[PDB]
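Visitor:
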Amino acid sequence: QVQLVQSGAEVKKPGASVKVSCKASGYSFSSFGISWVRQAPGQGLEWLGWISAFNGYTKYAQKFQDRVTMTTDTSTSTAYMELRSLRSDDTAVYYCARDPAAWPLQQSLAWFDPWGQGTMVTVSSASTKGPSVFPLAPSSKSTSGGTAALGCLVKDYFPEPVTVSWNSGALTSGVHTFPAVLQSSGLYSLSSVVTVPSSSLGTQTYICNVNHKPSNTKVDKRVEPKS
Amino acid sequence: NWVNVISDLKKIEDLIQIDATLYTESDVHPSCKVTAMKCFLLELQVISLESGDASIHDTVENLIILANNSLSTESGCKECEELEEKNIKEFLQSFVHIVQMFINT
Amino acid sequence: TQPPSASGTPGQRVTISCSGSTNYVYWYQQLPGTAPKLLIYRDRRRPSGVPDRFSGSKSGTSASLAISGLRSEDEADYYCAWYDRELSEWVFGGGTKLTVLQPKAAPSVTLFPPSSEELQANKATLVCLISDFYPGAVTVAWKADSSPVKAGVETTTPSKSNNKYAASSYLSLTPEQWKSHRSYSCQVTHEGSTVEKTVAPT
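Order-wise, the sequence lines are chains H, A and L.
Here the first sequence stands for residues 1 to 52, 52A, 53 to 82, 82A to 82C, 83 to 100, 100A to 100H, 101 to 215, where the numbers follow the deposited numbering.
Here the second sequence stands for residues 1 to 17, 21 to 75, 81 to 113, where the numbers follow the deposited numbering.
Here the third sequence stands for residues 5 to 9, 11 to 27, 31 to 95, 95A to 95B, 96 to 166, 168 to 209, where the numbers follow the deposited numbering.
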């Protein structure tokens, strides 16, 4: 059994540094190499570069050569990835993969097998920030079909995650909490919706319960038809 | 060191009983020979890749450890990509040979 | 260069194209929430543990990933790779999302204007909540009055609890920005079919 096991999710400010690790198991880490690839959210794979776990020789991709530093530690069978002068668009899951090349010339005929689980890295010029919960009231413009839609909009929190229940786990029906959106501002915002009976409105009471443990904030908001 | 690698070549040149084609060299210029070995060493792994085998992985691994460390560059040499493409038979044997050259040196 | 999207029915034989201008091409499979895994190497070859169903070919100036016997398990992103001998670097295809089908469905779109309360914050967020759609791929275009807008827009990649996908899109304006227009429209596009919602600072 062969494994690569990487470090944990990181959160960093612009101009800062990250050091991602990649621990090797089940083989002779040192006879081979490591290739690093990354994946911006909802986007493609880009190879960062490579390192011989044997000689420490490296090969950086033009796009990164200015800020990466790959190394390895024969003793801990660990490769390291260090990216500096972090910028916003460095927000990405970084992977490692075993690479059969211990020597640069070989590296052209390389394959990547296997791969680490990866390491999310988020570059945000912010710190911990509680949510701001605003109601998304139902209307004759958000209804209907005997069914109305309503929820809560959770703005400019940090970091992740927020958790939304409704009526304290009670109402779980056509409830849907959407995934967050990392805004240019380096703050998160999301939404929780829930399709109700157009008729229970103005009667039944719906409260979304926003839970942000990182910031110690728990918010309860009653969502009701606008007037 | 280089002699150990010959013995390991046999285990595999065996354990194999197919496969495809590897980049091999026999026009082996002494003066281009460490490059030839590197190519061989890579190719070698193409066998581990195809073979689900555990024992042959352990073997190519043992071999790489030997080879790698022995080595531990040159000019005008041929890239790996531009080498002859021979069978798992000729590759192995062609490997055996290039080890000999290293040996007499 | 590969198509971003590929569709297939179970048991179907599907094909993914990785084209361009000519050497060796490799394929990697990235199952949904996992890390990529090696599928195909040196054009044709299959590492051990990679099903018959999976096969690769190179023809003309373009290689492709022939995946047969299709299953749902095969639902993933397929990336081809190659080594730019000129750049001395590894490069990746842009990828091809591959969806293994299991029903179908349209999108339910709801446009929420900024709550009275958010305006108090001196902000205004338009929220377009897109739901109950399969397959999970939509295009979201925003309009200020009549004139299409790109600025202040943030849309999430569809996720999944009906098995039916759902995505979200927010437009960010100023309270003045909002009141400075007659109307605002959210418009989502699903499988060439387009459903548009509206709102007015009234």
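Just so it is clear, CB atoms sit at the ideal spot from N, CA and C, and this is done for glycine as well.
1. Kindly list, in the order they appear in chain H, the residues whose Cβ is closer than 8 Å to that of residue 75 of chain A.
2. Just checking my contact of residue 70 of chain L with residue 25 of chain L at CB under 8 Å: how many whole Å lie between their CB atoms?
3. Just how far apart, CA to CA, sit residue 198 of chain L and residue 120 of chain L?
4. Between residue 139 of chain L and residue 44 of chain L, what straight-line distance do the alpha-carbon atoms span, to the nearest angstrom?
5. Here's the rule: buried if 16 or more other CB atoms are within 10 angstroms of the residue's CB, otherwise exposed. What is residue 154 of chain L?
6. Does the region 171–189 of chain H touch the region 131–144 of chain H, meaning 3 or more C-beta pairs lie closer than 8 Å?
7. Does the CB of residue 49 of chain A have a neighbour CB from chain L at under 9 Å?
8. Which residues bound the alpha helix (DSSP H) around residue 88 of chain A?
9. Where do the N-terminal and C-terminal ends of the beta strand (DSSP E) with residue 8 of chain A fall, by residue?
10. Measure the alpha-carbon distance for residue 81 of chain A versus residue 157 of chain L and round it to whole angstroms.
11. Which term fits residue 97 of chain H, buried or exposed, when burial requires 16 or more other beta carbons within 10 angstroms of its beta carbon?
12. Return the chain-ordered ranges of every beta strand (DSSP E) run that is complete within the region 32–56 of chain L and spans a minimum of 3 residues.
13. What would DSSP say about residue 188 of chain L, mapped onto helix, strand or coil?
14. Quick one: give me the first and last residue of the beta strand (DSSP E) that residue 197 of chain H is part of.
15. Under the DSSP definition of a beta bridge, which residues are partnered with residue 197 of chain L?
16. Report the neighbours of residue 100D of chain H on chain L: residues whose CB is nearer than 7 Å to its CB, in chain order.
17. With a threshold of 8 Å (Cβ to nearest heavy atom), would residue 2 of chain H be considered close to the ligand ATP?
18. Are the region 151–160 of chain H and the region 67–80 of chain H in contact at 8 Å, needing three or more beta carbon pairs?
19. Which value, in whole angstroms, describes the spacing of the CA atoms of residue 105 of chain H and residue 8 of chain L?
20. Where residue 163 of chain H and residue 41 of chain A are concerned, what is the direct C-alpha to C-alpha distance, given to the nearest angstrom?
21. Helix, strand or coil for residue 76 of chain A per DSSP?
22. Taking contact to mean 3 or more Cβ pairs, one atom from each stretch, closer than 8 Å, check whether the region 2–15 of chain A and the region 193–213 of chain H are in contact.
23. Does any residue of chain L have a CB that is nearer than 9 Å to the CB of residue 64 of chain A?
24. Can you tell me whether DSSP reads residue 122 of chain L as helix, strand or coil?
25. Going straight from the alpha carbon of residue 212 of chain H to that of residue 131 of chain H, what length do you get?
26. Which residue comes first and which comes last in the beta strand (DSSP E) that contains residue 5 of chain H?
27. Classify residue 71 of chain A: buried if its beta carbon has 16 or more other beta carbons within 10 angstroms, exposed otherwise.
28. Go ahead and pull the three-state DSSP assignment for residue 8 of chain L.
29. At a cut of 8 Å, does the region 125–140 of chain L reach the region 179–196 of chain L through at least three beta carbon pairs?
30. If the criterion is Cβ atoms closer than 9 Å, does the pair residue 80 of chain H and residue 45 of chain H meet it?
31. For residue 67 of chain A, decide whether its Cβ has a neighbour in chain H, counting only Cβ atoms nearer than 9 Å.
32. Relative to chain L, which residues along the region 171–188 of chain H have a C-beta separation below 9 Å, given in chain order?
33. Just to confirm my understanding: we take residue 102 of chain L, look at its own chain, exclude 5 residues before and 5 after, and list those with CB closer than 6 Å. What are they?
34. Pull up the distance between the alpha-carbon of residue 176 of chain H and that of residue 166 of chain H, whole angstroms please.
35. Would you say residue 44 of chain A reaches chain H, if we count a Cβ-Cβ gap shorter than 9 Å as a contact?
36. For residue 23 of chain A, return the contacting residues in chain L, with the cut-off set at a CB-CB distance below 7 Å.
Guide: Working from what's here:
1. 53 and 54
2. 6 Å
3. Those two C-alpha atoms are separated by around 29 Å.
4. Looking at the two C-alpha atoms, the distance is approximately 27 Å.
5. exposed
6. yes
7. yes
8. Taken as a continuous stretch (DSSP letters only), residue 88 of chain A belongs to no alpha helix (DSSP H), as it is neither H nor E.
9. Careful: residue 8 of chain A lies outside any beta strand (DSSP E), inside the alpha helix (DSSP H) at 4–15.
10. 55 Å
11. Here residue 97 of chain H is buried. Its C-beta has 16 or more other C-beta atoms within 10 Å.
12. 33–38 and 45–48
13. coil
14. 195–200
15. L/200
16. 91 and 93
17. The model depicted lacks the ligand ATP and carries no ligand whatsoever.
18. Contact check between the region 151–160 of chain H and the region 67–80 of chain H: fewer than three CB pairs, one atom from each, fall below 8 Å, which does not count as touching.
19. 24 Å
20. Each residue's CA atom was taken as its position, placing residue 163 of chain H and residue 41 of chain A some 59 Å apart.
21. A break in chain A separates 75 from 81, and the residue in question, residue 76 of chain A, sits inside that break with no coordinates.
22. no
23. Not closer than 9 Å to any Cβ of chain L, the Cβ of residue 64 of chain A fails to qualify, so no.
24. helix
25. 13 Å
26. 3–6
27. buried
28. Residue state for residue 8 of chain L is assigned as coil, using DSSP reduced to three classes.
29. yes
30. no
31. yes
32. 171, 172, 177, 178, 179, 181 and 183
33. 6, 7, 11, 21 and 86
34. 12 Å
35. Output row for residue 44 of chain A: interface = yes.
36. 53
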